[PDB]
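Peer 1: Quick check, what structure comes out for this input:
(3 chains, ligands or ions: 2)
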Amino acid sequence: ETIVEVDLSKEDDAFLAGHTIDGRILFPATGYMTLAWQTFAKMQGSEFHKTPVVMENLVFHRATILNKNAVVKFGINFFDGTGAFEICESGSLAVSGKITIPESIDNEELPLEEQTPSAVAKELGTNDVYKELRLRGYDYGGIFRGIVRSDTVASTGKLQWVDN
Amino acid sequence: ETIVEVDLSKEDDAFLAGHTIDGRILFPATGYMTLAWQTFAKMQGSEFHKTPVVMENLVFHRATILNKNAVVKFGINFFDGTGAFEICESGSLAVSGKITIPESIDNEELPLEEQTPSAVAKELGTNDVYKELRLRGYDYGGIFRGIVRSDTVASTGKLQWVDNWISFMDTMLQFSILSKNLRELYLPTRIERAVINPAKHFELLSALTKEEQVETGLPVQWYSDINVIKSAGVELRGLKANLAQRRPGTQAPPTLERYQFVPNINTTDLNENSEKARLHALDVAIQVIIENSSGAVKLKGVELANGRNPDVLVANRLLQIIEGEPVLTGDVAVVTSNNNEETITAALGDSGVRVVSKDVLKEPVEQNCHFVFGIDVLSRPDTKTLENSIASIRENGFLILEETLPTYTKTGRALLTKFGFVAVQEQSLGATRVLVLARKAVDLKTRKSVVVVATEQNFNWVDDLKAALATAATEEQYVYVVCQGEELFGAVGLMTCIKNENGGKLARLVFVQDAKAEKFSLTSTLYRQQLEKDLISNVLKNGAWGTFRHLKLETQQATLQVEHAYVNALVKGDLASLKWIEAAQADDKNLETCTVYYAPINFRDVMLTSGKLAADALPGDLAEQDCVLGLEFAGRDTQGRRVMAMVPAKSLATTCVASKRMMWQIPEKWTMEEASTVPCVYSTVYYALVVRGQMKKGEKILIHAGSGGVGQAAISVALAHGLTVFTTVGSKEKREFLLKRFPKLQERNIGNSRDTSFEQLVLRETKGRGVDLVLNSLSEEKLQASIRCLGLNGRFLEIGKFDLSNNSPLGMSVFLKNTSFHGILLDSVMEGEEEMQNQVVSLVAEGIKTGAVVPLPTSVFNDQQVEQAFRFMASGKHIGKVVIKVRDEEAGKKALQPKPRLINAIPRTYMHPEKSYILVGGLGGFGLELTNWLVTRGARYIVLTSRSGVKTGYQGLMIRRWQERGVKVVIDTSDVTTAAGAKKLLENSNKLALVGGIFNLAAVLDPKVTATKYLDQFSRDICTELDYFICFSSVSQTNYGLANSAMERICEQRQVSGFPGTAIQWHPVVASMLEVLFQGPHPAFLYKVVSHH
Amino acid sequence: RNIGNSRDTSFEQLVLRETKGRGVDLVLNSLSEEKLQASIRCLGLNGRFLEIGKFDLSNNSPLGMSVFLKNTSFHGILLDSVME
Ligand SMILES: [Br-]
Ligand SMILES: [Br-]
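Peer 2: Residues are numbered from 1 along each chain as shown, chains lettered A, B, ... in the order given. Ligands and ions are numbered 1, 2, ... in the order given. The structure is reproduced below:
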């Protein structure tokens, strides 16, 4: 298996503290997806930002809690045969699923056009959005506060991009 | 991942060659398990023989074939999280499953006690077991032949131990396959659980000697109720095996050649067809030459081709006849005087006939030939062509000359006489043409000779001949064997018997049927001209000298007009094999024999024919049956009523027996063509949507494959009940057809079946709600997508087979929605209870009047276009039902008794189900397989004569199988060689059931002669319903040859006196030969079997 | 003879032995995981499995669709669905 270490004391992984849920840091589901994505490109030979993929049947078996120091090791493994992967943290399965490099990445997408924003009520600002979420228990911080705008029903909106 | 390389060139992996399946080495399923077991223990730190494990959900996705060199790399990987593992070989998945080291290996096993061995029939020995398996396709060898013992049903047995887990665990799988009733090739697909306990294994082995471990072995158990194979430390639960594809064997079927008397001077064409007649003439000619070339291993010949088309030359055919003869090769060349070598060479092709360049005028074409073929050689103005042809053959060589009859008569014979040649044979080639075989004569006066009596009154005449043959060489003389008016001496057999004797080249057979004829004498005018030809075989029959020659039969695939027939796919891979076959006649209950007019093809017929679907899947005992095609039909009742029906099989025939419960009387304004489309698709639709699914008005249903047979029927009924319908289609044209054909079908509701797009469409149109029912025939990603279309309280109706067969995984989250998943097999209905059958037909019955049941569009094909019919449905461009027009419907569409018809089908002879069949030496290898074949052809009373009785477990096995199939088997252990014994056998057998056939077997391994002689004699009086009297044997010991000669004469004599009699002269081969023999009439008294295996 | 143990998978053997491989016509199941898969194997031809548990449903456990070759039915049963 491939071992991947993330340390929130380190500059590259520090942002993860922003994904705080109910007063504790949780390794985000999308964190696992990225780690699985990245390493998969590594063994395939390419750079992950140049490598399109299709993940299937993703299962997040449990939440991963980190402290402030948060030096945590993730173990990743892939089956050449089916593309099935598994990520284990602290001696127990965390996430499982399937990953494949498609024939045509464009054909794997859906023919969807943008929706017309809802005009039933005023649109939400970044502060409106995360005020709502805070009340639900989500304590997002830093770059994880990336919803700049959303319509009243959250059918359409905008997300910022910080190369992450 | 861990890479493991196995090389059969190395000593450690060499044994794997023993696991040969269907003529190829396969990496055993148990091989994979061992690899997974070993490597897994290694990384855990332990030794694998010290490490107990539990494997689960083993799947063997594909077979691994190895060559001789066989360098193959296996890649293994393990998940720390779940314990799932995978084995890859050539960049593709091979095996998958789960493996874990248990807390307590003892706790993981089942507390099972040994079973009491079955005593229903004799137990099987190691040789019995693997004889059985060989017939199925398993070619096990070496240590993989580890089944020392098994009971007749394979419930208990023993396996040897040679310190090899792969072989040992494999024999456990072999053992499980034994118990399977169908005798076909099975390969492992899945194993639910495999418990391996090494500690327990070796402490059990310690109780055995290294010899006992090999000679006696370990107990193996098969518990059919719980599905477990248990032996020592290995415990296997939930084994699943699937029927595997058999390689298209390179064994051509055997041909039959009939013997007959051919006069040297034959003015009758050997065949009706002039072209075939000529070929036979050439065949006879070469035969005579071979017969008179002493012990020649090579036969040299040439063909003169001056002024002829390169295509019409016969050289290839000649070499083909020569090469055909066993242990004989030919040197055939084409001689050309017109120096057009390049042109000629191309015409011959890949035959291997060389070409020589010489001008036949003034010079010899070649030296020491056995024969020279030419056309119009005696016609030519100059004799130079003839002269150099004579100089080209060896002294005793022949000339094959095709001539025009008028010319050959007025000058042709004189020219041969002029050059000292005699016409050995003259065969007509129609009128105006003749084939002449010429040879230099020999002088009977100048050469020393002695005569041998060869009569039955002198028992020692064989020694007289042998003594004469040895003396002949020394004394420089020729021996004339004279056999005048003698019984039990067939000319063909006796000739062969002489030829193979030491110094046999010096013998000449003079065979005279009529006992009233001039005594043998070189001087007699009758004999002199004939014996001056110096032929080794001379047969006098009705005043004419001749020989017995074997002619190639024309019917490899001949078609006779029969009254009853069915369609069969002879070889599954090729659909061209679809042909009509003559059916057996009928000898009740709630059954009705109907006349078939229209028989539709359904996907099940296509799948079966193509091989995508195995035979074991077929409901009931159809895997055994030959006639299985045809699921439904429209036709006429026993009383001429217009009827449409549904059956499990056998509707694709001129007649079908249908169940009254599953029949509808065709309504008016329905053509039989139309009606034929209704039974299956609508019975399916109603059993799925109404019975199982319980669809209600106003509900939403997703019908996949809208413009298909089941789809169209589904859409019609659904819309009739008032449901909102969503569908999918394969193409633009299919879309257009549905829209125009149905009441309120919304374009918004038609998706695409080629992809998963329909998921978005349905969810969009249902605003995320989904539908209440799904009728699915799609598979894989399209199935899971269809699942996502299911709304609250939904009910999934599967009518496909792929994912079910493959045991695909189904996400059980769908069931949170209070849903139901329904596996729907219509076959289970017909195979199942009665009330369900009566309900579904009621639904269909009620539906027709309502108008919900509409006949489908038809793509009709006649009885000759069955191939095109199948290929057309396979393509998938068709809309509606594909129907075969067996009979044109009578005008008026009213009830009417049918006119008789005949259909061209391959003829086939079946046994009589109320007659007995005696097989002398019936328990030998040949006998057993012959008996089996007779049983499959309808024989239900079998008598086997055996002095020793049942000796092998295999024998007891076959008898058990025949008796279970309802066959009466009698083992007669009495001495049949005597007259009283033969008489008794026939009288007892006849009282059991009237004897229909007697089969004499000298092939198993004189008394051979005397039994046949007496059986022949007394059967004439006793067996008044005997249809067959057949004697099997091989060609050419001197006493065996004489036994053949005797059997030949017996059968000939029988026919003379108006009795059946056939001598057959030469275990997959037996069945193949028997099929040909009984494929149509075969009335000749002697046949030659040519093997092409 | 007809009372098995819910703590292990042994009830599979007991049932198949008593039904001689036929299985049962219905299964009312509240067990999960390896005991669920074992209960499936107890399902006979035309059988009808009746699930009232939630683990495998919530966890989206995989179900081998081979069982449906036997012309069977799997029923997700939520009483709540009735009242709502
Ligand atoms: Br998360
Ligand atoms: Br295998």
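Peer 1: For the residue nearest to residue A:64 when sequence neighbours are not counted, give its distance to chain C.
Peer 2: Excluding the flanking residues, the one nearest residue A:64 by CB to CB, 6 or more residues apart in numbering or on different chains is residue A:27, at 3.8 Å. C-beta here means a position set from N, CA and C on the backbone, and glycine is covered the same way. From residue A:27 across to chain C, the span is 21 Å (CB to the nearest CB, to the nearest Å).
Peer 1: Residue A:24 now?
Peer 2: The value you get for residue A:24 to chain C, if CB to the nearest CB is used, is 24 Å.
Peer 1: my read: that residue touches residue A:64, true?
Peer 2: No: applying CB atoms under 8 Å as the test, residue A:24 and residue A:64 come out as separate, 10.4 Å apart.
Peer 1: ok, those two, which is more surrounded?
Peer 2: Higher neighbour count among residue A:24 and residue A:64: residue A:64, with 21 against 11, using other CB atoms under 10 Å in any protein chain shown.
Peer 1: Just want the residue of chain A that's nearest ligand 1.
Peer 2: Here the residue of chain A nearest ligand 1 is residue A:29; by CB to the ion that distance is 3.9 Å.
Peer 1: what about the helices in chain A?
Peer 2: A:29-44, A:126-136 (DSSP state H).
Peer 1: Which one, of the ones you listed, ends up nearest to chain C?
Peer 2: With CB to the nearest CB as the criterion, chain C lies closest to helix A:29-44 of the helices of chain A, at 15.8 Å.
Peer 1: And that closest one, how far out from the chain middle?
Peer 2: From the chain centre to the centre of helix A:29-44 is a distance of 10 Å (CA atoms, centre = their mean, to the nearest Å).
Peer 1: how about the residues of chain A that lie near chain B?
Peer 2: Contact residues (CB under 8 Å from any CB of the partner chain) of chain A with chain B: A:1, A:75, A:77-82, A:84, A:86, A:88, A:92-93, A:96, A:110.
Peer 1: if we take those, which one ends up nearest to chain C?
Peer 2: Of all those, the one with the least separation from chain C (CB to the nearest CB) is residue A:96, at 11.5 Å.
Peer 1: quick one, what contacts the closest one?
Peer 2: By CB atoms under 8 Å, 6 or more residues apart in numbering or on different chains, the residues touching residue A:96 are A:57, A:58, A:59, A:61, A:84, A:85, A:86, A:87, B:81, B:82.
Peer 1: switch to 10 Å and redo it
Peer 2: By CB atoms under 10 Å, 6 or more residues apart in numbering or on different chains, residue A:96 lies in contact with A:32, A:36, A:57-61, A:84-88, B:79, B:81-82, B:84.
Peer 1: Next, the contact list for the spatially most central residue of chain A, please.
Peer 2: The centroid of chain A falls nearest to residue A:30 when counting by CA atoms, centre = their mean (1.5 Å). Neighbouring residues of residue A:30 by CB under 10 Å, 6+ apart: A:19, A:37, A:144, A:164.
Peer 1: List the contacts of the third one.
Peer 2: It refers to residue A:144. Taking CB under 10 Å, 6+ apart as the test, what residue A:144 contacts is A:15, A:16, A:17, A:18, A:19, A:20, A:28, A:30, A:130, A:138, A:164.
Peer 1: give me the beta-bridge partners of the closest residue to chain C within chain A?
Peer 2: Going by CB to the nearest CB, chain C is nearest to residue A:59 of chain A, at 7.7 Å. Using DSSP bridges, the bridge partners assigned to residue A:59 are residue A:96.
Peer 1: Good, wrapping up.
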